[PDB]
Structures are given as structure tokens and as C-alpha cells.
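Trainee: The following block contains the structure, expressed as C-alpha cells.
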Amino acid sequence: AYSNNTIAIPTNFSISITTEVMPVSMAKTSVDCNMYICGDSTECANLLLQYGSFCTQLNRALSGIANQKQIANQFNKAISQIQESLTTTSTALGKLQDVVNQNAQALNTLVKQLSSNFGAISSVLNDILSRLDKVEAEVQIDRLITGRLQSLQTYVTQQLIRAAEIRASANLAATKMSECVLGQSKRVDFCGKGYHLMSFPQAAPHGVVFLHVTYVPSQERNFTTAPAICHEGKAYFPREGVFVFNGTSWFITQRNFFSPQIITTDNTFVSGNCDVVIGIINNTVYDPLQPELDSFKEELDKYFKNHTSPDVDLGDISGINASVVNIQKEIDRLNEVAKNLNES
Amino acid sequence: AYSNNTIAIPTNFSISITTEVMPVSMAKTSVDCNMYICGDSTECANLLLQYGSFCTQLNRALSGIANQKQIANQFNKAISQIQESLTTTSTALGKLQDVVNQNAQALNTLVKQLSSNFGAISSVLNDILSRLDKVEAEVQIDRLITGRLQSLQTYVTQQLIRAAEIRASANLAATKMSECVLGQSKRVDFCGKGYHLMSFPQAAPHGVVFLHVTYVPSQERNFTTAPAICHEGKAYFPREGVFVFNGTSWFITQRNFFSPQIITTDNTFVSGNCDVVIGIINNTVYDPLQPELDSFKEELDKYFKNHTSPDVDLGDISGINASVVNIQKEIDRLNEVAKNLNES
Amino acid sequence: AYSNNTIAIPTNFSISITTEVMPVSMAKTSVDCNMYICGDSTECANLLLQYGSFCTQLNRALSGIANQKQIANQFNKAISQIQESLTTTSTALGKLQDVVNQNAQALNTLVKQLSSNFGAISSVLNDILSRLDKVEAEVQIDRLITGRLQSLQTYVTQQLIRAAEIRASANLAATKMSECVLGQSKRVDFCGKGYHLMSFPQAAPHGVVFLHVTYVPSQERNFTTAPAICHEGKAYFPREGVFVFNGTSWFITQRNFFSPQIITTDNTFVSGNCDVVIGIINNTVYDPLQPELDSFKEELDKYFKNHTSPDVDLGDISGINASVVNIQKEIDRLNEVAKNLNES
Ligand SMILES: *[C@@H]1O[C@H](CO)[C@@H](O)[C@H](O)[C@H]1NC(C)=O
Ligand SMILES: *[C@@H]1O[C@H](CO)[C@@H](O)[C@H](O)[C@H]1NC(C)=O
Ligand SMILES: *[C@@H]1O[C@H](CO)[C@@H](O)[C@H](O)[C@H]1NC(C)=O
Ligand SMILES: *[C@@H]1O[C@H](CO)[C@@H](O)[C@H](O)[C@H]1NC(C)=O
Ligand SMILES: *[C@@H]1O[C@H](CO)[C@@H](O)[C@H](O)[C@H]1NC(C)=O
Ligand SMILES: *[C@@H]1O[C@H](CO)[C@@H](O)[C@H](O)[C@H]1NC(C)=O
Ligand SMILES: *[C@@H]1O[C@H](CO)[C@@H](O)[C@H](O)[C@H]1NC(C)=O
Ligand SMILES: *[C@@H]1O[C@H](CO)[C@@H](O)[C@H](O)[C@H]1NC(C)=O
Ligand SMILES: *[C@@H]1O[C@H](CO)[C@@H](O)[C@H](O)[C@H]1NC(C)=O
Ligand SMILES: *[C@@H]1O[C@H](CO)[C@@H](O)[C@H](O)[C@H]1NC(C)=O
Ligand SMILES: *[C@@H]1O[C@H](CO)[C@@H](O)[C@H](O)[C@H]1NC(C)=O
Ligand SMILES: *[C@@H]1O[C@H](CO)[C@@H](O)[C@H](O)[C@H]1NC(C)=O
Ligand SMILES: *[C@@H]1O[C@H](CO)[C@@H](O)[C@H](O)[C@H]1NC(C)=O
Ligand SMILES: *[C@@H]1O[C@H](CO)[C@@H](O)[C@H](O)[C@H]1NC(C)=O
Ligand SMILES: *[C@@H]1O[C@H](CO)[C@@H](O)[C@H](O)[C@H]1NC(C)=O
Ligand SMILES: *[C@@H]1O[C@H](CO)[C@@H](O)[C@H](O)[C@H]1NC(C)=O
Ligand SMILES: *[C@@H]1O[C@H](CO)[C@@H](O)[C@H](O)[C@H]1NC(C)=O
Ligand SMILES: *[C@@H]1O[C@H](CO)[C@@H](O)[C@H](O)[C@H]1NC(C)=O
Ligand SMILES: *[C@@H]1O[C@H](CO)[C@@H](O)[C@H](O)[C@H]1NC(C)=O
Ligand SMILES: *[C@@H]1O[C@H](CO)[C@@H](O)[C@H](O)[C@H]1NC(C)=O
Ligand SMILES: *[C@@H]1O[C@H](CO)[C@@H](O)[C@H](O)[C@H]1NC(C)=O
Ligand SMILES: *[C@@H]1O[C@H](CO)[C@@H](O)[C@H](O)[C@H]1NC(C)=O
Ligand SMILES: *[C@@H]1O[C@H](CO)[C@@H](O)[C@H](O)[C@H]1NC(C)=O
Ligand SMILES: *[C@@H]1O[C@H](CO)[C@@H](O)[C@H](O)[C@H]1NC(C)=O
């Protein structure tokens, strides 16, 4: 750089109060989560019970801010053969009576007690449906609560960052009530704008209101300005000074205004050369270090189950029919032989 | 303002060391989530596996801090009619045998294989109950984990805000090891209280302990003090000075103590008027901008299912009975005719 | 402390530009959650719909940054007794016909309509399985989303803390464009290293690049240095000075270099004693107040259900058999009597 250029250097001034305000404390922002999250749907209050005791410690942080007898005997034999036949028929039909009734008893057993199986399975199935739907409903609510929860946590983080700004600004308030009040700071546009004379401190709800009695340049000039000059391979350093003309005569003044005092030997300092030392750059950087998230595919497929299956539950188990008898020609010929028997 | 008032202005001093401490670094607070979240219930460790790799990158941020033959033939015909009748009866009862046994075979089919249907449905229903209860249990755990998780995330946010305060305070430490150590700062109650002479820097675990050799006013006076005076519609500005009396004679002194030097022309600066310039107010404010959350009603009713339904599962399907035969008068009259047949 | 020691005090200087950079603003880091959370698995986008409107307000904060007739008649009576017997048999077998067919009708009723019960229960059971597996899948996804969500919320918190550092650093930029530009700050190694002469401000994308024309000590000496001396139980205070020798003769100089001006009476100030005032320690501390989390055992066992149960669903309800008739000796003797009847 090194070059002579021009800085507005003040000529005539004026009084100037400043009256700046800088906050020092914070309200105890005890924010209820149950109100910020939840407005209605008492269900939400039933589920945020299960969400920890997060709001307590959250507001703990926020609080910590602030020849023819042959016929007779033979057909008598035949009649006792018919006697054999009909006692035989009584045997058959008694067996049929007990077994057809036993299979009907098994039928009643199945019907009654298998209705009871239907009743048990149907009640269990309805309760499965009920609690499945409770799971569905509350799970959707939990999605919504979790998003709204991290929004609230962002609210609290925003609040804490404000609390940190307020703490550092109160440190600046303590430093200014040191220097501006209990001293006359020789710093341009600090302790209010212009050149500080005295400051008047006064309180506020959460601030410290300053009343800086200062003075500002009412009148000046765009005037030439040189940091250092190199006559002889040889630099010149104005102690508490800046190289200035009067219309082309090199003088050195104060910075605050110019009564252009002549170049002495004492106020100038000298280097044996005019060799610039190059300085270091680029401070105040911070690395965030929030590094990386991979896919859902990696994250999921480490820890995941697909896990489905249908049933079978055949039902052709039912589907086999009942064959029947519908014959009655036996009854027909039976009663027609009964006609024949009453005939002769 | 502008008015003459009174500031304690120092008279006699005393030596004063200060010995302040300002931290510069932080411990590597590698906080395990599995310990801060989880203390017991290995179940919790089974579920926090599924909770991402959040704790890794979380501690990455925290790490980045640091004639009578008629009879014979006719009744022989009738006897063969009875032969027809009993072969006919054999036909009927064989049909009944096969069909009653077939309906019993269908009954055994239903009983065996429909027990197998009950076994399949009951095992599936128990597994439905099992995994439903796993869902219920782990879902409640997930509520609790999510609340405790955001409490941990608040812990980390609190920690990072401390890290930011430490970084800015270490910037102040670098600035004070510049000015207090390598210079004699002309700043009241900076570089320790009082007026700095020299500071002695020394290390600490995570701080830089200063030893500010300063000097403080042991003796002073509540004494009158004026910023500027307006004789002639015309202001007066003491350069490095403050208007002071000796008991009513206007002098201007240093701020640091008063040897009340007389009003010169050079130390006073003058405005042509006494016109206050009014200054700007109210800096250092930040807008949080955390704006808004609506109801659960809006948020929910965009994306929600109620979604319930019962079954029917009739059971009168069972409830139709089995009619029976319980008659035996046929057997009674049958064996009584058998008595009659053995009679004659 | 109080002791005479040695500070490098400058002798000959050199010009030195500094060229430091301090950022003042931030890019509008409108970070999409749907990209930072979600990369693939459109399912994830189906579930993050249910996760509030968190990303909107999240980026609202981030945006707010920037003889043989006896025989005839008697056996005619017996023949009508057989007529009674076979009409009686017709009665029995008609009753058996209707009842065996009725129990078969009940069997068909059970088979058809109980297949319909199996169909209803099986379809409901498959849908239970389906939506249970949807619950399982999406619940695991919600674990993963919640962990990745708080990682994103940590990203945003990290970003906001950077925004606070940038706001305070821009306050330092405003203070340096006050003092370094519009003044000549008498502060060592502030407004760039060395001793400030003038600074040249120039813009940047998000910074304010300074060009501090300063001057640094090219040449100096480790030289003795005393804060205060106690001849007579009586201290000595060099105003804008430091006690210095020339090779053992006590002088007081400037801090910036040494032309060792003689000890006057005016530049030294005096205490009547040599009594050190001890100062206060250990500022800039903040209490985090993130206090406490108890066990899962406390947190859980306040609000938790274990809640399991099996079924019974007997199945011996089926398991009772069907007894049968398999007899046919009646048919055998029946047709053998039919042989006997056709004989005679
Ligand atoms: C400014 O600096 C130049 C050298 O760059 C010098 O020759 C000149 O005399 C200086 N003054 C003016 C008024 O240009
Ligand atoms: C010179 O004065 C003008 C007045 O209009 C103002 O722009 C500024 O003070 C100076 N101009 C420059 C530095 O370009
Ligand atoms: C600067 O110096 C004198 C005295 O201040 C002034 O009168 C004159 O106009 C200027 N120029 C010179 C001496 O060349
Ligand atoms: C640098 O120091 C030496 C030491 O005697 C002195 O002779 C010389 O004048 C100094 N240089 C300047 C420019 O003052
Ligand atoms: C300052 O440092 C950052 C580090 O990321 C770099 O990107 C930037 O280019 C540097 N500034 C200049 C002017 O090179
Ligand atoms: C297995 O999981 C993947 C993961 O997206 C998904 O497509 C589906 O639920 C399952 N089945 C198949 C065939 O991918
Ligand atoms: C009725 O009987 C059989 C038994 O094997 C069954 O499979 C089928 O459905 C029916 N038979 C027909 C319709 O011919
Ligand atoms: C059947 O025969 C009997 C005698 O065997 C006699 O009463 C009559 O002729 C017939 N009818 C009735 C109804 O008895
Ligand atoms: C204070 O200011 C008033 C004007 O407000 C002036 O008359 C007076 O002389 C000053 N001094 C004292 C000691 O009151
Ligand atoms: C005047 O001195 C008293 C001493 O008790 C003290 O309150 C303060 O220094 C002054 N009082 C004021 C300014 O009200
Ligand atoms: C203030 O000035 C003189 C000299 O310091 C002092 O003796 C006198 O008492 C004071 N008052 C006057 C001169 O009215
Ligand atoms: C203001 O500047 C003019 C310019 O010559 C000068 O005459 C006047 O004395 C100045 N005013 C004061 C109060 O110094
Ligand atoms: C400072 O600005 C804030 C902006 O919200 C305002 O509320 C407050 O009233 C201002 N201060 C004064 C003293 O008016
Ligand atoms: C539909 O959802 C609402 C939402 O609170 C709730 O009352 C219930 O689960 C459902 N039914 C009715 C009738 O509101
Ligand atoms: C048994 O039979 C009928 C079949 O239609 C059934 O509905 C009913 O329960 C029973 N009848 C009675 C008890 O009269
Ligand atoms: C039945 O009649 C037979 C001959 O027809 C004869 O043995 C007896 O009288 C009766 N009883 C028995 C048991 O046979
Ligand atoms: C340093 O201080 C001691 C007293 O501690 C004093 O006797 C001595 O003369 C001083 N100077 C040197 C050069 O040691
Ligand atoms: C004295 O000079 C040496 C030069 O090597 C350097 O270590 C430092 O400036 C001084 N040494 C100290 C203070 O121990
Ligand atoms: C310090 O003072 C004189 C004059 O600066 C110097 O010549 C001498 O060497 C020193 N020592 C004394 C006077 O003992
Ligand atoms: C302290 O103040 C008194 C008041 O007159 C004065 O006599 C004495 O000299 C002062 N002490 C010092 C060391 O100046
Ligand atoms: C500073 O205060 C903290 C408060 O926790 C304390 O632990 C520490 O020991 C103090 N420093 C010293 C040097 O005692
Ligand atoms: C009850 O809950 C506990 C909690 O860990 C767990 O062991 C299990 O799920 C249940 N049963 C028993 C016997 O503990
Ligand atoms: C078949 O009949 C009975 C009915 O009580 C049933 O309990 C059992 O399983 C069978 N009886 C046997 C195998 O003896
Ligand atoms: C049975 O007897 C009838 C007459 O009663 C006669 O036709 C024959 O002898 C026998 N066989 C058949 C097939 O009728």
C-alpha cells in the first residue's frame, strides 16, 4: 500500500449526546412444552406424559439463564324265520338309533362349543383390531409430536444463543461502565460516536442506558494523508501523528483534528530501509464439524426387518359335502305289500 | 444533558494487584449417549441401535470443539312278497349304512382337519398378540427415548454455546496478552481494575491466569464535573480534560486525577454554537425468528387416518341344531309281533 | 509480585502491513431436511410428511440469520301282524330318512357357512398381518428418522452458533472500522499487529478486509523492567511510564520504545506505603445447568404397560369323534331268509 491518500480529518466540532441502549439480562422464559407443543387433543397430553421429563430440565436450562301237517310245521318254521328277521331288524334299527343319535350328539357338541370358539376368536380379533388402531393413531401422533418437539428444541436453542449474546453484551456493558463512566476513553466512536468526554449511566428494565456526552466533527475537509515517506531508502514514522500538508508542506498533526505541527525529529521515527513486513490474514474462522450422514439404505439395512407372511387356512376342510339317502321306493313297495297282506 | 454534575475524581492512589482468570480451552467432553440416555434396561440398548449413528457425529461436533292248493300257492306268493319286502329292506338299510357312515366320515373329516384350522389360527393369533405387545412396549420406550434424546441434544447445545463463549473469551485472552502484557493499556479498569502498569501472564489447566500490576484510587473526592460550558452561545471542549473547580475556579485536569491545570486556549476546543447533536439508540438487538406453530388439528388433519372397523363372524352359522329320531315303538311292536310269530 | 524483571522493550522499528480478514455476514443456508435426512427410500418421504412442518420454521430461523279254517284265519291274523310290522318299518325308516337327511342338511349348513367364517377370519387375519407389518417397518424407520433428525437439529444449532459468532465479529468489524479507520488507535497489536498508523478498509464477499498500515519492532533488547519501587515504605508510579535502566541508572520511558527520560517528580506518583491491594479472580465463567436425567427404570415405570396374554381356543371341541355302525349280519340273514322264503 504505503501510498499517500486522503482521509477526512476534522476541523470544527459540535456537542453530541449519543444515548445508546444495551441489554444486560433476560426474562425467565419458562416456556411450557405442553402449551408450545400442545394446544388441543387431550390425547397429545396423554402421549407427552410418556415423553420423558424433558420440559422440566429444558426449563431448568432456561431458568439457569437468569299229509298236510307238513304245511303247518314248515310254514311255522318260516314264520319263526320271519321272527328271526324282525328281531334282527329291531337289532339293526336300534343300532341305527343309537349311532345316528350319537352322531347328532357330536353334531350338537361341535355346534355349541364351536360357536364358543367363534365367540372367543371373534372377541380376540376385535381387540386385536382395537389395539392395532390405537397403535396406528398414536404412532402418527408421535411423528407429529417428534417434529413439533424438535421445533421446540430449536426454539430453546435460539433462546440460549440469545442468552449468550446477552452475557457477552453485559460484559461489554461492564467494560463500558468501566471505561466510559469511570474514565474518558481515548477511542474514536467508542463510548458513543465521536470523541468521548463523559458518559452518564442509567438503568432500564433489562438494559443499561448510556448517555454519552461526546463531540463530533461538525466541519472537516477531505484532506491528504500519508502513513510513511521514503526519502533516502529511509522511512518516517509520526508518533501519534499523520503526515499532512497545508497545501503542499509536509506536517504531522493529531488524528482528531489538524493543527499541522511541523515535522520534528522526535515525533518522526525512522527505519533504515523502506521494507514492508507482510502480515498474517484471515482470523475469526470457526470450523463447524457437523460432518456426515449416509443414506437411509446404509442406516436402514444395518438394522431392519421386512418380515411379512400370509396365512393358508384351507377351507376345503369345510368344503367336503354330505351325501344323503332320498329313497322311498322301499316305503312304497312296503305299504303295497301291506295292502297285499290285508287282502288275503 | 449537558449539565455540570459531580464525579468522584481520584486524589491519592495505592498499589493493587488484580489476579484475574479467564479460561481458554475446553475438556473433550466425549459424552456417551448410551450412558446419558441409558442406564439400565438392555432393551433400551436394543432400541438405540436403531437410533441412527447420531451419537458418533454428536461427539464429532463435541470433539471438534477442542280246493286248498289255492292256499299253498297264494300264500307262497305272499311269502315271496315278504321275500321282496325283506330284500327291499336290505336295500334300504344298506343305503342307510353307507350314507350314515359317509356323513360320519365327513364328520370325522371336519373334526380332524378343522381342529387343524383351529390350531393354525390359534398359533397365528398368539403370534399376532406377541408381536403386537412388542410393538406396544417398544413404542412406549420410543416415546421415552425421544424425550430423553432431545434432553441430551439440549445438553450438547448448552455445551456448544459454552464452547463459543470460550472461543470469544480466548480471543479476549489473546487481546489482553497483546495489550496488557506487551503494552501498558491506557484504559480504566481494563487489564484489571484501576490503572494498568504491567501484567504478568501465567498458565493454568484451561485458562491464562493474569497478574495485573495496577494502581487504584485509595483517596478521592466527590467533586464537581462539567462536560462543556456555553458562555457566548459558544461551547468549550477540554482535550484530554474535564472542567473542574478548586472551590469555584474553572480548571481542566486529567481524568485520572486532578492537578487542576488552568483553562488554556489550546486544550479547550470551541463550537460556534451550543447545539446538541442527537444520537442513535438501541444497538445489539437480535431477532430470534422462531416463528410459529399451528395446532395439532391443522398438522394432524393434513396427514392422519382414523381407520377402525369391527368384524361380523356370524356364529348362527353354528347355531342351527340337529333334529333327531328317538322313536322305539317300532322296535316294541316289532318284538311283540315276534312274540306273536313264535306263538303260532 | 512487585519485582523488577525484564521485558523486551523496542529499539528500532520497521513498516508492516497486516492485511487481516474478518467475516461479517452469512450465506442463506436454506438446508432442505428432505435432502439432509432423506436421500432415497420414497417411504422416508412418505413419513417425513407426518413429521410436522419443522423444516419450514427451521429454515425460517436459518433465513432470519441473514277243523282247519283255524289255520286260515289265525295265520291271516299273523299276516296282518306282519302288515302291521312292515307299515311300522315304513314308519321307522321314513323317520330315519327325514332325520338323517336333516342332520345332513345341518352338516351342509355348517360346511358352507363355516367355510364362509373361515374366509372372513382368514381375510381379516391377513389384513391384520399386513398392517402389523406396516407398523413394524415404519416404526423402525421412525427410529432411524428420529436419530437422523436430531443430527440435523445439531447441524442447525451448530449453524446458529456460527451466526452468533459472525454477529459479534461484525460488531468487532464495526468497532474496528470506527477506531482503526476513523482514528489512530493507541493500542498495541490491535488494529493489526504492532503499532497502528492507519488502516485501509475494503470489502469482500462476506467479510471486510482490512489493510492496517502499522509498524513493528525490527530491533529491541531483553531489558530490565520494574513496575514500582519502595525506597522509604513509599511507592513510585510512572504515569505513562515503566522503570528502566541505562545499565544501572533508574529512568522511566514510554512503553513503545525507550528514550530513557529521567525520573521526575511529576511522572512518578507516590503512595504513602507499599501495601498491595489484592484483587478479585476468575471471571467469564458460565454455569451450563443441564442438570439431571434418572434411569429408564424411573421414567419407564411411571408410564408403562407390559400387557401380554395368550389364547385358549380349545380344539378338543373338535376332537370328539363320530361313532358308526358297520354291521351287515342283518343284511346277510335277511337275504338268507329271502332264500328260505323263495324255497317253500
Ligand atoms: C504523494 O506521493 C508521491 C509518490 O508516490 C509523491 O511524489 C508526491 O509528492 C506526494 N504528494 C502529492 C501531493 O502527490
Ligand atoms: C470528498 O467529499 C465528498 C463530498 O461530496 C464525499 O463523497 C467524501 O467525503 C469525499 N469523496 C471521496 C472520498 O470519494
Ligand atoms: C505552509 O507553511 C506556511 C506557514 O504555515 C504557510 O503560510 C504557507 O502558505 C505554506 N506553504 C509553503 C511554506 O510553501
Ligand atoms: C538503531 O539503533 C542504533 C543503536 O545505537 C542507533 O545507532 C540507530 O540510530 C537506530 N536507528 C534509528 C533509525 O533510530
Ligand atoms: C480464509 O480462509 C478460508 C478457509 O476456508 C479460505 O476458504 C479463504 O479463501 C481465505 N481467505 C482468502 C482471502 O483467501
Ligand atoms: C423389503 O424392503 C424394501 C426396502 O425398501 C421394500 O422394497 C419392501 O418393503 C421389501 N420387499 C422388497 C421386495 O423389496
Ligand atoms: C359330493 O361328494 C364328494 C365327496 O368326495 C365331494 O368331493 C364333491 O364336492 C361332491 N360330488 C359331486 C358334486 O359330484
Ligand atoms: C285286514 O284284515 C283284517 C283281518 O285279517 C280285517 O279286519 C279286514 O278285513 C282288513 N282291514 C282292517 C282295517 O283290519
Ligand atoms: C453549574 O451550572 C450552572 C448553569 O446550569 C452555572 O450557573 C453554575 O455556575 C455552575 N456551577 C455551579 C458550582 O453551580
Ligand atoms: C458522595 O460520597 C458518598 C460517601 O458516602 C458516596 O455515596 C458517593 O461517593 C457520593 N454520593 C452520591 C454520588 O450520591
Ligand atoms: C483557585 O485558584 C487559586 C490558585 O490555585 C487558589 O489559591 C484560590 O483559592 C482559588 N480561588 C480563586 C482564585 O478565586
Ligand atoms: C472553524 O474553522 C474556521 C476556518 O478558518 C476558523 O476560522 C474558525 O476559527 C473555526 N472555529 C473554531 C471554533 O475554531
Ligand atoms: C429498542 O428496540 C426494541 C425493538 O423491539 C423496542 O421494543 C424498544 O422499545 C426500544 N427501546 C426503547 C427505549 O424504545
Ligand atoms: C377420529 O379422530 C378424532 C380425532 O381426535 C377422534 O375423536 C377419534 O379417534 C375419531 N372419531 C371421532 C368420532 O372423532
Ligand atoms: C331346532 O331346529 C330349528 C331348525 O330350523 C332351529 O332353528 C331351532 O333352534 C330348533 N327348534 C326349536 C327349538 O323349536
Ligand atoms: C318258537 O317256535 C319254535 C318252532 O317254531 C319252537 O322252538 C318253540 O316253540 C318257540 N321258541 C323257541 C325259543 O324256539
Ligand atoms: C531489583 O530489585 C532489587 C530488590 O528486589 C534491588 O535490590 C535491585 O537493585 C534491583 N535491580 C537490579 C538490577 O537487580
Ligand atoms: C531473551 O532473548 C532470547 C533470545 O534468544 C529470547 O529467548 C527472549 O527474548 C529472552 N529470553 C527469555 C525471556 O527467557
Ligand atoms: C546512565 O546515565 C548517563 C547519561 O545517560 C550515562 O552516560 C551513564 O553511562 C549511565 N550511568 C551512570 C550515570 O551511572
Ligand atoms: C495525599 O493528599 C494530601 C492532601 O493534601 C497531600 O498533602 C498528599 O501529598 C497526597 N499524597 C501524595 C502521595 O501525593
Ligand atoms: C475458578 O472458579 C471455578 C468454579 O467452578 C473453580 O472450580 C476454580 O477452582 C476457580 N479457579 C481457581 C484458580 O481456584
Ligand atoms: C415386564 O417388563 C419388564 C421390564 O423390563 C420386562 O422384564 C418384561 O417385558 C416384563 N416381564 C417381566 C417378567 O419382567
Ligand atoms: C371315540 O368316542 C369317544 C366319545 O366319548 C371319544 O372320546 C374317543 O376319542 C373315542 N373312543 C375311543 C378311541 O375309545
Ligand atoms: C320264487 O318263488 C316264485 C313263486 O313263489 C317262483 O317264481 C320261483 O319258484 C322262485 N324264484 C323266482 C325268481 O321267482
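The chain as shown is numbered from 1 upward.
Looking at the header, which is where the method is noted, we find electron microscopy, 3.9 Å.
Cβ from N, Cα, C; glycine included.
Pasting the relevant annotations from Swiss-Prot:
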type     : residues : note
CARBOHYD : C:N4     : N-linked glycosylation site
CARBOHYD : C:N12    : N-linked glycosylation site
REGION   : C:68-118 : region 'Heptad repeat 1'
COILED   : C:97-141 : coiled coil
CARBOHYD : C:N222   : N-linked glycosylation site
CARBOHYD : C:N246   : N-linked glycosylation site
CARBOHYD : C:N282   : N-linked glycosylation site
CARBOHYD : C:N306   : N-linked glycosylation site
CARBOHYD : C:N321   : N-linked glycosylation site
CARBOHYD : C:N342   : N-linked glycosylation site
Trainee: Is there any among the glycosylation sites C:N4, C:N12, C:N222, C:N246, C:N342 whose Cβ is under 8 Å from chain B, and which ones, in sequence order?
Mentor: C:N342
Trainee: Find the Cα-to-Cα distance between C:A66 and C:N67 in angstrom, rounding to a whole number; note that the 147 residues connecting them are absent from the deposited model.
Mentor: 141
Trainee: I need the nearest neighbour of C:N321 (N-linked glycosylation site) among the glycosylation sites C:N4, C:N12, C:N246, C:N342, using C-alpha distances.
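Mentor: When the Cα distances are compared, C:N342 comes out closest.
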Trainee: Counting all other Cβ atoms within 10 Å across every protein chain shown, which of the glycosylation sites C:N12, C:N222, C:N246, C:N306 scores highest?
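Mentor: The largest 10 Å Cβ neighbour count belongs to C:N12.
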Trainee: For ligand 19, list the glycosylation sites among C:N4, C:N12, C:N246, C:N282, C:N321 whose CB atom is within a distance below 6 Å of it, in sequence order.
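Mentor: Listed by sequence, the hits are C:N246.
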Trainee: So which of these glycosylation sites, C:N12, C:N246, C:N282, C:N306, C:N321, get their C-beta under 8 angstroms from chain A?
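Mentor: Going by the Cβ criterion (under 8 Å to chain A), the qualifying glycosylation sites are C:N12, C:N321.
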Trainee: Cα-Cα separation of C:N222 (N-linked glycosylation site) and C:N342 (N-linked glycosylation site), in Å?
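Mentor: Approximately 154 Å lies between the Cα of C:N222 (N-linked glycosylation site) and that of C:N342 (N-linked glycosylation site).
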Trainee: Could you check which of the glycosylation sites C:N12, C:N246, C:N306, C:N321 have their CB within less than 6 A of ligand 22?
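Mentor: Listed by sequence, the hits are C:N306.
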Trainee: If you measure C-alpha to C-alpha, which of C:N4, C:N12, C:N246, C:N282, C:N342 (glycosylation sites) come within 10 angstroms of C:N306 (N-linked glycosylation site)?
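Mentor: Within 10 Å of C:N306 (N-linked glycosylation site): none of them.
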Trainee: Return the member of C:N12, C:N246, C:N282, C:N342 nearest to C:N4 (N-linked glycosylation site) in space, with distance defined Cα to Cα and candidates limited to these glycosylation sites.
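Mentor: For C:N4 (N-linked glycosylation site), the closest Cα among C:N12, C:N246, C:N282, C:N342 is found at C:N246.
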Trainee: Whole-number answer please: how many Å between the C-alpha atoms of C:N12 (N-linked glycosylation site) and C:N342 (N-linked glycosylation site)?
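Mentor: Approximately 158 Å lies between the Cα of C:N12 (N-linked glycosylation site) and that of C:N342 (N-linked glycosylation site).
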Trainee: Could you tell me how many residues in the region 'Heptad repeat 1' (C:68-118) are helical, how many are strand and how many are coil under DSSP?
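Mentor: Output for the region 'Heptad repeat 1' (C:68-118) reads 50 helix, 0 strand, 1 coil.
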